[PDB]
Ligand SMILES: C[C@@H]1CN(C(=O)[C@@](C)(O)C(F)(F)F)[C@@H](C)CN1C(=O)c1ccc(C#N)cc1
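First, one chain by itself: the form deposited without the named molecule, in structure tokens.
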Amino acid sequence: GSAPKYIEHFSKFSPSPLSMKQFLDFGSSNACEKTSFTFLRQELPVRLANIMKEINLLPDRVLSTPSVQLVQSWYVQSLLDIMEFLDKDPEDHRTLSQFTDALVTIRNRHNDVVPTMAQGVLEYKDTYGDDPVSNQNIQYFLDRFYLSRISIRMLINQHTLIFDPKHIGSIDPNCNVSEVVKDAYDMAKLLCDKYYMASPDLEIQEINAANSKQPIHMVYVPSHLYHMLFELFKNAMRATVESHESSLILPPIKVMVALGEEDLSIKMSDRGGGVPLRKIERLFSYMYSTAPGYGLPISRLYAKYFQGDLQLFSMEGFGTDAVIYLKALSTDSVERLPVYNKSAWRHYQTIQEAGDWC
């Protein structure tokens, strides 16, 4: 009966963002897991507590819903699971071993957090409505919550994958962007053909500004890149196919990979008919995009995770451009993490009722 105490304790700490460079170190090759165990024993509780403190700051009509209470219980359990190691000592190759076991079990426990929370949004929409202010708070909270989760899963995956070499856990220090683009395209095409029995082709072009014909590589988490590209290819294919089911030409999806001094950008262009500017804004909203998925908003979080971004801009009547912005340098790739503050406390005080424009 001491979860609230712990949450209060660790919530007093600020999570420590790691750089892609630091990740390579922690994963080195021989950088013992002792260092990782001692670091994670403190860091995970800090991150868990921080987002838990914020969850408890939600309105009671949101808090008492079955969904929020359910995941709030997974977090509580996960927190206690890790506490068990604070007064334990490395050196014992059994302490470390059961810690890894502990992490995998925590990971599984949280496997369905996204859909579970999505169920809370649907419930709220029918129980209280879909006004702009509700959309803003949901958007504010879910971006932080999901981003926080993405980072906890990163730490955990890094530890379990390494303490089980060219790849350093989920990080590829020599990630060939175009290869990941093709992979995601191929998967999307497979699905596209099963459902539409037709699919647009792919054209890839890259611009290595400083080194003209040298293949573009970067230090990154390939699965994160795959997730984003896969989501974008799915929308681009669907839009292209549906907007041309009475035409016979099916234009290709053109992708450009540009490497600049600090940006490594990936544009995916389609001639899927485009979308009116006003609906674009709703495509990234968890609420407005829930019924009766969250691919875009969540993909954007993965991009923001390492100081990148993901933006959309179409031309109604023509097509849409989707761009993924990543940091080209490993030195600029540092975790973007949310933190509990009075700054964040005041972001849920929206008392809207008549704007500043007419």
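The first residue of the shown sequence is 1; numbering continues from there. Rigid core here is just the name for the largest C-alpha set that superposes within 1.5 Å across the two forms.
*asked:* Root mean square C-alpha distance from this form after a core fit in 9 other deposited structures of this protein: higher for 128-136 or for 280-288?
replied: The more displaced stretch in 9 other deposited structures of this protein turns out to be 128-136.
*Stretch with larger C-alpha RMS deviation in 9 other deposited structures of this protein, core superposed, 175-183 versus 245-253*: Per-stretch check in 9 other deposited structures of this protein: the more divergent one is 245-253.
_Are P292 and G293 truly consecutive in the deposited sequence, or are residues between them missing coordinates? Give the number as none, 1 to 3, 4 to 9, or 10 or more._
In the record, 10 or more residues between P292 and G293 lack coordinates.
*asked:* If I compare the deposited sequence with the modelled residues, how many are absent between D164 and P165: none, 1 to 3, 4 to 9, or 10 or more?
replied: In the deposited sequence, 4 to 9 residues between these two have no coordinates.
*Taking the mean of the C-alpha B-factors per stretch from the entry, tell me the winner out of 24-32 and 66-74.*
If you average the C-alpha B-factors of 24-32 and of 66-74, the larger mean comes out for 24-32.
*Given 237-245 and 79-87, the range whose Cα B-factors average higher in the PDB entry*: Looking at the recorded C-alpha B-factors, 79-87 comes out higher on average.
*Which one of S265, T127, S148, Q214 shows the biggest C-alpha B-factor in the PDB entry?*
By C-alpha B-factor in the record, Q214 ranks first.
*For the listed residues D112, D270, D131, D183, which one has the largest C-alpha B-factor as given in the deposited model?*
By C-alpha B-factor in the record, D131 ranks first.
*Going by what the PDB entry lists, where does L58 fall on CA B-factor within its chain: lowest, middle or highest third?*
Highest third - that is where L58 ends up once the chain's C-alpha B-factors are sorted.
*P251 - which third its CA temperature factor falls in, relative to the rest of the chain*: Tercile = highest for this residue's CA B-factor.
_Ranked C-alpha temperature factor of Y288 among modelled chain residues, by third_ = Tercile = highest for this residue's CA B-factor.
*asked:* Ranking the modelled residues of this chain by C-alpha B-factor as given in the entry, is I171 in the lowest, middle or highest third?
replied: Lowest third - that is where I171 ends up once the chain's C-alpha B-factors are sorted.
*Would the CA B-factor of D143 place it in the lowest, middle or highest third of its chain?*
For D143, the deposited C-alpha B-factor lands in the lowest third.
If you look for the form solved in complex with the named molecule, you will not find it shown, but the lines that follow are about it.
*Following C-alpha superposition of the binding-site region, is the pocket for the named molecule, modelled as it is in the entry with it bound, open or blocked, where blocked requires 3 or more ligand atoms within 2.4 Å of any backbone or C-beta atom?*
Here the site is blocked.
*Is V334 close enough to touch the named molecule in the entry with it bound, meaning at least one heavy atom pair within 4.5 Å?*
Result no; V334 lies far from the named molecule in the entry with it bound.
*Evaluate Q22 for contact with the named molecule in the entry with it bound, applying a 4.5 angstroms cut-off between non-hydrogen atoms, and reply yes or no.*
Judged by the heavy-atom cut-off of 4.5 Å, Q22 is in contact with the named molecule in the entry with it bound.
*Determine whether any heavy atom of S16 comes within 4.5 Å of a heavy atom of the named molecule in the entry with it bound, and answer yes or no.*
Result yes; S16 sits at the interface with the named molecule in the entry with it bound.
*asked:* Is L155 near the named molecule? Define near as a heavy atom within 4.5 Å, in the entry with it bound.
replied: Close contact exists here: in the entry with it bound, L155 approaches the named molecule to within 4.5 Å, heavy atoms only.
*Where does the named molecule sit in the entry with it bound: which of 155-163, 219-227, 200-208, 178-186, heavy atoms within 4.5 Å?*
In the other structure, the partner sits against 155-163.
*Between the options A303, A328, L40, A49, which residue brings a heavy atom to within 4.5 Å of the named molecule in the entry with it bound?*
Going through each option in turn, the one that passes is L40.
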